[PDB]
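Number of protein chains: 2
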Amino acid sequence: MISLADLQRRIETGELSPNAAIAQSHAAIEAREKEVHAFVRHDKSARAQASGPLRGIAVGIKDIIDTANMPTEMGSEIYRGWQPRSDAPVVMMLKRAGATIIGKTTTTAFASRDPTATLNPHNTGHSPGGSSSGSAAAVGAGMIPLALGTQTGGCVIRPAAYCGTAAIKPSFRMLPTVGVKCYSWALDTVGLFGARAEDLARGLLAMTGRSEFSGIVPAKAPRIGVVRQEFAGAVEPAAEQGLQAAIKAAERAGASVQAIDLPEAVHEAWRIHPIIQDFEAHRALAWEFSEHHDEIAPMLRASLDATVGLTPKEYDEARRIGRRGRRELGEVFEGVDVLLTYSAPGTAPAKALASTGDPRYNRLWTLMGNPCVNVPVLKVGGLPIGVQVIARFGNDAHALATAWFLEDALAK
Amino acid sequence: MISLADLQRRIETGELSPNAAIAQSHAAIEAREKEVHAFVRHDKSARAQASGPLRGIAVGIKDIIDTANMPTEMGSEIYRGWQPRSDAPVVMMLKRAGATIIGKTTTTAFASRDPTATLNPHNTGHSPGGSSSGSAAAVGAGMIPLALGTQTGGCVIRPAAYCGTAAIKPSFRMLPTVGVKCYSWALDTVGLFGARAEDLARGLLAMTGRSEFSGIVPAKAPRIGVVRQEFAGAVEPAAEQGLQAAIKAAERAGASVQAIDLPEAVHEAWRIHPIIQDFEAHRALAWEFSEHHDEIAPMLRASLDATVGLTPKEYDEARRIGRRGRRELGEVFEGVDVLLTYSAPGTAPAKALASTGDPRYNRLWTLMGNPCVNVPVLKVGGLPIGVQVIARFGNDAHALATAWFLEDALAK
């Protein structure tokens, strides 16, 4: 994989030229697209910009995020050839920083369950996860140093884990979702894919100008609270193997690790995530469902069909539960700096299963809103397994710092 | 003005057919549009639907709200001829209920300060307010029974007051802002314009299906708390005359009215509203500011040029201040059912002043999120004056019930 931070340092010293960096990405893409299929469209004419911390940095954009110079097809036939008039605010954050928008990465139809043609870089016979399939794959295949995606259930953390890349779903609403095809406005959150935690930090710094992302360094003696999300059901062996490897590494590195069971209020929040998501999706995708029903991809069409009956009453109740959940989760962070858990059920599923993976270990955090970061840990049978670092809402910096600490710990 | 509730009842009993109702509207628009100029686009072929609670109900849509069959120009040359692919979820809420989208109403450029060409229905020499200029003017001129607008500062309540129509800015986020051109995502709130409070209730019931909007009837002897928002300075004589008249009518109607002070935390929230608004505006309108700077309407261009330096730091600090204001405001509603205040600084400004009016008496409430309803009180020099009824967050139904109470009280 290509490191954003690496590129930055070398370009800043003149050791590497922006044009060369971009030519390298174009090369990497051409070198494996026929194998991975992570791009809906690749702008081969894309060139590096003259100034900015992200000059010479090629970025892939999930195709539900608006671009003014390239179509935004939402991974749906309904939007084939659709051309937005403007670039989404998050795209502008990158462009204003000097980044090069190299192309649109594949997305499942409307960021839901329907698999794209994209394949896992680590094993062509496996899924790269979803819904940010192309962003995770492209970064995992070393095609680009950065990619944008979104998370409603576990659309960022899960595919990142499956593809062995670092990634972060910042605190809810930190990055605007303006110009981002909505699935559930209570959940939709923009995320970033990179090679390492440090790459994510430098990316967020350039996009937001927030001092909190400046000068981040690996955390020291982090206080970690391990949660296995029992309420999420039975995890697969590989996932647990990765979590134990992470715990062992952190302990040896000086971290204090303790197991903790999450409050009933949190278990409940996890249960009602589907209610909030699906009730809102019917509103958010009303036009598509009412006017182009049969054109909606199979799996998404099915989930919408099964949920037309969700009522405002139960929706309100679900949101009440969500709030109770957030309140009691905050108390959990009184004794620990971060929480550590699974990023996915296990290794990436074989493409034959026609599944981008179950988001059961991701969805709770998207609703709570806390910053989540995936940390590659190991590989079982050649397929990546990662762990998920979670900090208190609004403390994305500490989440990245601990993720960094963890990466260094695993490196022994 | 045309009453949606009235049309509903007559259509329900069969006294009026949906086709006739819609023909009524087309005729009403035809009758005054040449003098008011409230529509960017009037779809003369718009027909009535055969079923639904809103069948036969014509609705005007502020032009920053996406429509699939009509252009959405954002009141800016930058979006001349722009055609969204899909109808915004709120538009679909109306369509699914059986309503007719009769046209797009005027909006100031990107819903900011730059005046549209629309004129006040009560005196064409005056402003109809903004930024939901056309929606307020159309309803006020008796063209349509319902219209959608948005409020970031006071874009719903102020123009409603100026044009003498009933209107409501529901609780923050009750209605989705998907497909609604964003100015400030922390503030933007969809609102409705109608003849009376009952019309708003029926409109919200059909759009949301929420039982809270079903069976609403005038409130009885409400506990009203009068707040003059001294932090925003003294209001113009006409506005105070309308407030005094509303208090007296309410009292003689059996309501308990007490002048109350607003917590310092709330005063502070009003103060930092511009910080949140303008900082986000720079991110939400990034593409426009970067690629079409000189094409942005003059006033908005100037406000943006003067706020480029706002920092994430002061922004976060403003948000913290706003959250504290919301908390303490709720406390105020523990002893009072609704707050009663000004809807605008006074009567509508002369067009010659090139101003849609000062939003100072509206902005706080948009940030707090509470449901606000405008109640027409009287007219000074032929120009309408209204009062603003505010309930606790999530108590939209009560705001409407008390507004209805106030309307009857004023009618004695």
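Quick note, the sequences are listed as chains A and B, same order.
The numbering of the first sequence is my numbering, which starts it at 980 and goes up by one.
The numbering of the second sequence is my numbering, which starts it at 980 and goes up by one.
Idealized CB from N, CA, C, for every residue including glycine.
- Secondary structure of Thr1084 of chain B (DSSP, three-state): strand.
- Straight-line spacing of the CA atoms in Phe1210 of chain B and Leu1241 of chain B works out to 9 Å.
- Of the candidates B:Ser1055, B:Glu1230, B:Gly1082, B:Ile1057, the residue whose Cα lies closest to the Cα of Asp1066 of chain B is B:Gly1082.
- With its beta carbon at least 8 Å from every one in chain B, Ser1282 of chain A lies outside the interface.
- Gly1194 of chain A is outside the set of residues whose beta carbon lies under 8 Å from a beta carbon in chain B.
- Close to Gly1188 of chain A, with beta-carbon spacing below 9 Å, are these residues of chain B in chain order: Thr1290, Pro1291.
- A Cβ-Cβ separation of about 32 Å leaves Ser1282 of chain A out of contact with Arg1011 of chain A under the 8 Å criterion.
- Cα atoms of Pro1197 of chain A and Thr1097 of chain B: separation of roughly 58 Å, rounded to the nearest angstrom.
- For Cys1134 of chain B, no CB of chain A lies under 8 Å from its own CB, so it is not counted at the interface with that chain.
- One alpha carbon belongs to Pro1107 of chain A, the other to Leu1073 of chain B, and they sit about 39 Å apart.
- Under the Cβ criterion of 8 Å, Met1071 of chain B is counted among the residues facing chain A.
- For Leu1319 of chain B, the uninterrupted beta strand (DSSP E) run begins and ends at 1317–1321, by DSSP.
- At a cut-off of 8 Å between C-beta atoms, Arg1075 of chain B counts as an interface residue with respect to chain A.
- When DSSP states are grouped into helix, strand and coil, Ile1008 of chain A belongs to the helix group.
- In this structure the region 1282–1300 of chain B does not lie against the region 1179–1191 of chain B, because fewer than three pairs of beta carbons, one per stretch, are closer than 8 Å.
- By the 16-neighbour rule on beta-carbons within 10 angstroms, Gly1104 of chain B is exposed.
- Between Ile1364 of chain A and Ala1140 of chain A the beta-carbon gap is near 7 Å, inside 8 Å, which marks them as a contact.
- At a cut-off of 8 Å between beta-carbon atoms, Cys1161 of chain B makes contact with chain A.
- The residues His1261, in chain order, have a CB closer than 7 Å to that of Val1287 of chain B in the same chain once the five nearest residues on each side in sequence are set aside.
- Annotated three-state conformation of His1272 of chain B is helix, per DSSP.
- Interface criterion met: the Cβ of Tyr1058 of chain B is under 8 Å from a Cβ in chain A.
- Taking C-alpha positions only, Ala1380 of chain B is separated from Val1315 of chain B by approximately 15 Å.
- Taking 3 residues as the shortest admissible run, the region 1288–1362 of chain A contains the following complete beta strand (DSSP E) segments, listed from N- to C-terminal end: 1317–1321, 1351–1359.
- Here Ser1024 of chain A is exposed. Its C-beta has fewer than 16 other C-beta atoms within 10 Å.
- Excluding sequence positions up to five before and after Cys1351 of chain B, its CB lies within less than 6 Å of the CB of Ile1136, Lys1148, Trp1344, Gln1367, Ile1369, all in the same chain and listed in chain order.
- For the set A:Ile1043, A:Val1069, A:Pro1068, the Cα lying nearest the Cα of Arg1059 of chain A is the one of A:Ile1043.
- Buried is the label assigned to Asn1341 of chain B, since at least 16 other Cβ atoms lie within 10 Å of its Cβ.
- Boundaries of the alpha helix (DSSP H) harbouring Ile1226 of chain B: 1216–1230, taken from the DSSP string.
- A residue is called buried when at least 16 other Cβ atoms come within 10 angstroms of its Cβ; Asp1045 of chain A meets this threshold and is buried.
- Taking 8 Å as the cut-off, the beta carbon of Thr1085 of chain A is found closer than this to the beta carbon of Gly1113 of chain A.
- The DSSP-derived three-state label of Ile1195 of chain B is coil.
- A Cβ-Cβ separation of about 24 Å leaves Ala1200 of chain B out of contact with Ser1150 of chain B under the 8 Å criterion.
- According to the DSSP assignment, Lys1148 of chain B belongs to the beta strand (DSSP E) that extends over 1145–1148.
- Spanning the alpha carbons of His1101 of chain B and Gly1361 of chain B requires a straight line of approximately 7 Å.
- By the C-beta density criterion, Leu1332 of chain A is exposed, having fewer than 16 other C-beta atoms within 10 angstroms.
- A Cβ of chain A is located within less than 8 Å of the beta carbon of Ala1265 of chain B.
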